[PDB]
Amino acid sequence: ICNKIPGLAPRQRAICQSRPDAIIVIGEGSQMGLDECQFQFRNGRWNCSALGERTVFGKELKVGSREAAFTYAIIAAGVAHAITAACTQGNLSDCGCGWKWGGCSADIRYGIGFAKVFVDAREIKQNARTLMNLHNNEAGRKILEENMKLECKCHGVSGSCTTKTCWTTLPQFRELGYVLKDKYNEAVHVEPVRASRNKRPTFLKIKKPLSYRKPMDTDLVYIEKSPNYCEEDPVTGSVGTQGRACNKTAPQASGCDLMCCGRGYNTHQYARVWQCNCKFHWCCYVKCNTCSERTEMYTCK
Amino acid sequence: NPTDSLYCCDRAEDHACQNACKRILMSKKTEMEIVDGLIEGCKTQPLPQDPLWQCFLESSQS
Amino acid sequence: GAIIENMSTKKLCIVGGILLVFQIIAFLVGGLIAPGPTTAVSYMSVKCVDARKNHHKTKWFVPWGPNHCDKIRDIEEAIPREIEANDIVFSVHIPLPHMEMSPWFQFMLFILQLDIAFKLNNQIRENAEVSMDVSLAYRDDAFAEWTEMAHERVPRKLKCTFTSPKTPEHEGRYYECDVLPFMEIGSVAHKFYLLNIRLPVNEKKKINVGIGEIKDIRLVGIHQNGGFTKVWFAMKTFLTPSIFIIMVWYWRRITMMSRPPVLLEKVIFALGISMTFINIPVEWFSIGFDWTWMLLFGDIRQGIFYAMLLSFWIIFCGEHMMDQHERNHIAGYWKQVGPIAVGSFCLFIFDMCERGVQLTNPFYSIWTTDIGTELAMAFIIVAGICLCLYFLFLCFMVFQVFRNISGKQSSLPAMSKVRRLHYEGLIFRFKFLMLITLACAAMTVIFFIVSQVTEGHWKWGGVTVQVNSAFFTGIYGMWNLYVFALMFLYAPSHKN
């Protein structure tokens, strides 16, 4: 059934045929990772979109730059987060579990163990790009593991901490997206390592001076220089900045002067509806009128 | 039973996929021709993010 | 006098070695056999939707499985569908799919974690208070109807703070709200539990208005592992006959003597009676009946033992003063035993207010309202003051006893032989029991600290040892052996 789904390795498709329901959740997680990447880079010249066909893991990057590192890290983190959250929601029944003796094993370990193997199974080939890819996926999983919130409650003799329980919770994915954005702002350059006997690269070490150590497992790692991303070029996968909106102001990466790479801006009276002034409840439908005055949206030429 | 799963694209966003659903399911009797017909019918590769294919894959277990 | 005065060092060391072997066994039982004391399972509530079918009768919304509700994946989807509040009902099925709850889980403890999103025009008010409408049901098998256990309005005051700047660029991020104590019962007799939470809105009355913008309601269920309960019951079933044998022998040794019992031996027997009351596995009846009061009863037993032990220490110190002392009447100890009684009464009243009212309302919590918090904190503070006074009195009594001991040792060569051995026996008894008691207390405190700060288990070899459960089993066996050695060694010795 899913043997035709684009962008999966043969082992990934075998796993898909094994358990249809896990694939739904993992696809939702990959989509969540891609959506978070696109929200984080909404104002950037590279809006986390690439020239290519749609896959479960989005359009793949033809250059191994910092953008690809962040994309793969967020994809892996989203997959693991979705697996764990679906397990805790009751959407997955085989997850975790035993129950009457030991209270069942942890959820996060199951989620990470499944997501690690499946996501890394896409790396069918072996190349410096592949080692970078595996490093970035592992970094995403490690950063997701770091951001788990630990909570404890005491329920001892009366309310005392004679006996207290501690449990971990998944971080809400926007916070993890911000953390991975911060990590992306400090990604490290690398080249692979090669020896006479092995004849192929096994691991990777830092390019940047003052050090030659292996990059830390929680660092986002990239091997290729980043293009300008505002010129349309299929050899590099850049979609170009043409047609994208801009704020026509000084702030970095948001102004038309920086968005359009010197080509200027085109504007028109857009007049957004901008519905406002509602009597909000804690959720759900409320009645209110709209206040659409005017706007002139500037877009790159 | 392909007919028993005809409800899956009531979740679909496009009416074109729904019309492709009804035409293929009441016109085709084999699953591989059915899936090729769907992908050529509303021009989208099977993706676990699409609610239509989500319903199809989920109901495949039932 | 006591037996320990007459035992040779060899026999005393043999007894110590036997007790050490039993203590090692008591630690290893919980370290290896037990699976850990407690388990926390986190549940994501499923946002069921009322299509206005709950007109008069209480329909039950099942999160999953057959007859599952018309769930909403993301609460934003309610707006296009014209779904409003008072219709969305958060539903949780307490055992995760293909699992059952059993009486071996000695209790159920639930808390909430509201996921509230930030929004400039929908911020949490200054003193926002969520007022839930909580309904709970139990079911014995997967085909019967849900039977309503409780239906209560549960108000909770919010304590939420937003770290990121209150900017439109940061809309959608969650508040860092604290956990809300939800409910607790002392019995898990029923296999499946369904919990329905509503958030009705009436902005005219200011109910659930201004409480922010809730995206999700996470719930965490804490219960005692069935394996740990089985280990605990096996340990108690072993300990109870031993303490009964020791108590019968001790009472025979007391009564079959030429004098009425002294105060110290009565206090030792009372401590033994309290520890027997703890050892008796009356909890092994909770597995067949729906007794919700088991938590309160266990708390009362533990408090009784703590009070009796703390009273025994001061009675021992008072009785072993050599000069102008050894008044064998309990009435003379009101100054130092009184703080223990007052503190125990205050803690008992606090527990009756907190865990006693919950029998009639499982969702009750004394800290929900300000005045209840004042009462609970006043009782706890008075108990702490009583404990501090007791500790000061205990240190004073120990120092005075040692002063009298040092004064006595100067004149030991001067008295007759019988008085010489009598006073040397008193000195040896006090020193021995003080050393043993300090060692036991220090070990208890150290292992309690370790259990608090450790991860929860330690890996060595091909097995992992449970530190939390080893702490419980080891300390329980340690104090059982402390009582056993106290009763065996300090019983009167025969003379011939």
- Query: Put +1 on the Cβ of every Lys and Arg and -1 on every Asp and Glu Cβ in chain A; which of A:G52, A:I15, A:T130 then has its Cα farthest towards the positive end of the dipole?
  - Reply: A:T130
- Note on the structure: Taking every other residue with Cβ under 14 Å from the Cβ of B:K28 and scoring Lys and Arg +1, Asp and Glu -1, one gets -1
- Expressed as a whole-number percentage, the relative contact order of chain C with C-alpha contacts under 8 angstrom and at least six residues apart is 23
- When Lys and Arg each count +1 and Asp and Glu each count -1, what net charge do the other residues less than 15 Å away from C:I380, Cβ to Cβ, add up to? -3
- Message: Full-extension gain between C:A341 and C:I371, please, as 0.36 nm times their residue separation minus the C-alpha to C-alpha distance.
- Response: 8.3 nm
- Which ordering of C:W146, C:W232 is given by a fewest-first count of other beta-carbon atoms within 10 Å? C:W146, C:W232
- Message: Given R₀ = 22 Å, what would the calculated FRET efficiency be for C:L392 paired with C:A331, taking r from the Cβ atoms and rounding to 0.05?
- Response: 0.55
- Query: How do A:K164, A:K4 rank when sorted from fewest to most other Cβ atoms within 10 Å of their own Cβ?
  - Reply: A:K4, A:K164
- Helix-only mean residue ellipticity at 222 nm for the protein assembly as shown, each DSSP H run of n ≥ 4 adding -39500 (n - 2.57), per residue, nearest 500: -14000 deg cm²/dmol
- Item | Within segment A:226-253: backbone nitrogen closer than 13 Å to the A:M297 label point (7 Å, Cα to C-beta) | A:243-247
- Note on the structure: Here segment C:425-434 yields Karplus 3J(HN,Hα) values (6.51, -1.76, 1.60; θ = phi - 60°; whole Hz; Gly and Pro given as x) of x, 4, 4, 5, 4, 4, 4, 4, 5, 5
- Give me C:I211, A:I124 ranked fewest to most by other Cβ atoms within 10 Å of their Cβ, as a rough exposure proxy. A:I124, C:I211
- Item | Tensor-based shape of the protein assembly as shown (alpha-carbon gyration tensor, a/c under 1.5 rounded, otherwise prolate or oblate) | prolate
- Taking the Cα-to-Cβ direction at A:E191 and at A:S160 and moving 7 Å from each Cα, how far apart do the two end points lie in nm? 6.5
- Message: Tell me which trypsin sites (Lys or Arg not before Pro) from segment C:1-69 have a DSSP coil assignment and no more than 16 other beta carbons within 10 Å of their own.
- Response: C:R52, C:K53, C:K57, C:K59
- Place a point 7 Å from the Cα of C:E171 in the direction of its beta carbon; the residues of segment C:114-149 whose amide N falls under 19 Å from it are C:116-125
- Query: Between C:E82 and C:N6, what is the label-to-label distance in nm when each label sits 7 Å out along the Cα-to-Cβ direction?
  - Reply: 9.5
- Task: Provide the net charge surrounding B:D10, with neighbours chosen by a C-beta distance below 14 Å and charges set as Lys +1, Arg +1, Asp -1, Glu -1.
- Result: -4
- Checked chain A with the C-alpha gyration tensor, a ≥ b ≥ c its square-rooted eigenvalues, rounded below a/c of 1.5, otherwise prolate if a/b is larger than b/c and oblate if not; verdict oblate
- Note on the structure: In nm, the gap between the two label points placed 7 Å beyond Cα toward Cβ at C:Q302 and C:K408 is 3.7
- In straight Cα distance, which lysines are under 20 Å from B:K43, not counting same-chain residues fewer than 8 positions off? A:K4, A:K59, B:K22, B:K28
- Item | trypsin sites (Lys or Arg not before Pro) within segment C:172-272: DSSP coil, no more than 12 neighbouring Cβ in 10 Å | C:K204, C:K205, C:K206
- Among segment A:141-171, those whose backbone N falls under 15 Å of a label point 7 Å along Cα→Cβ from A:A106 are A:141-152, A:166-171
- Message: In chain C, once you exclude exposed GluC sites (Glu not before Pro) (DSSP loop, at most 15 other Cβ within 10 angstrom), what's the longest stretch remaining?
- Response: C:327-454
- Query: How many angstrom separate the Cα center of segment A:21-86 from the Cα center of segment C:369-436?
  - Reply: 68
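FYI the Cβ positions are ideal-geometry reconstructions off the backbone, even for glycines, and counts take in every protein chain you see. Read-outs: derived from the displayed coordinates by stated rules, not from any lab.
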